[PDB]
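Take a look at this one chain, the form deposited in one PDB entry, written out in structure tokens.
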């Protein structure tokens, strides 16, 4: 009977090493084999409500004649084995895909879908070379784990992401275990204490000493904290260089305030030439898909459009798993939520064709320190040679507010920045009030001429939309850790007092700055706990006591011979 199905729980699937993973099978009432969709999940396959509201109404797929397989990852919940993040997922996915393809009920066409960790596992599956995998749909995902979510393109540790995720998975690992232990109860309390106060947890020095988290999940230290360079340990689990040779259709979803955004978008660019790639980007953070934030509301249309997403996924899988050649007729290649106008808009490509990468130069009379300083932004090079100077003290970093926070206050992406504007280490540069709209849609970066009293330090840049009422709404930001200015792989220190031209990767945005608004850039040397704090020593940052760290007098140079600027992806639509 069409629309009817059955569910088989805890079907045990043998991996190559004999370890069995648990799956649930959602199989339609049908008279032959059917196309199959796989979801690989470290948060209990049973608990479908927890993640699905962030993805698709995927029971519609089953009602429409797809089978759906949901799997517990190795060493979690009903699965056998031992859990270590990322390292087993390529092989386990290959073996899982092979098993599905052998079953009576599978017609030889398999796809995947799902969000975050359920998205990363899809790239790991796609590089396996299993011919029966016809399409993937990675949402809020990354193909380079160093670049997201653990470190970043600037070479700073995403400390809140690491500690929050570890505490979340830690809670799962305890719940999953062979038999309850006497220390379980106290461990839960401590994990809850971390999740209630991630910035506090991230503030303890040395950072690398994590009694609880290091015991529950040794990987947190052995892999992540201990490998600050993008070295061979990271390349091993990286998929990105392999993406260019793939020919697998991918339905890619991202959020402007999502921790994975830079890497999600990069995956689209990497696969678009060789296969049918699609892109959907909304104004969401990892834990807030509602479109509603404390000081910024995007409208009901901004709410994660789960039924539209479900329709689009089904059309996509119909095209690639069911060979229906017209299934994606009328479906755009790219669909973006353009903030400011606060509207969804169809595009033919990402980056947008007809992006004008435009420098906006830092300038102004007198110090740009604080929002009441003299800092300006202009499409013209600054006429006079100036410098803004501040003290960066690791004991007092600039607090993270909005942006791409995951676990520490990760539900307020477009955060009002006014609470940090009277700080002396926050340099502010803004345009005049705009008489006419300026659209900024694409990847964003800064080029700054900088110097320091230290042999290492950080520089941050943050793009901000200043509203008529004074709200200064965060759009996108990045960091450069100076030892990694040239390379993430082979860092070198800087000479105190010497001027360097450095790039800051500020990820991406889509915003129309409307008449009455200003374009604003904040520059500093910290953004904590989004990124860990640079010790200003040149040492092994995660191994240093706070008292071992140094302050740094940092300087931004601006003028004709040091034309520091932000590069904005300008779109003009008449």
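Basically, rigid core = biggest C-alpha set you can superpose within 1.5 Å across the two forms. Numbering follows the first chain given and starts at 1.
The same protein also exists as the form deposited in another entry; that form is not shown, yet it is the one meant from here on.
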| item | value |
| --- | --- |
| Position that moves between the shown form and the other one after core superposition, taken from 261, 100, 157, 145, with Cα shift of 2 Å or more | 100 |
| Residue 502 C-alpha relocation of at least 2 Å between the shown form and the other one, rigid core basis | no |
| Did residue 401 shift 2 Å or more between the shown form and the other one, C-alpha, core superposed | no |
| Exceeds or equals 2 Å, Cα of residue 476 between the shown form and the other one, core fit | no |
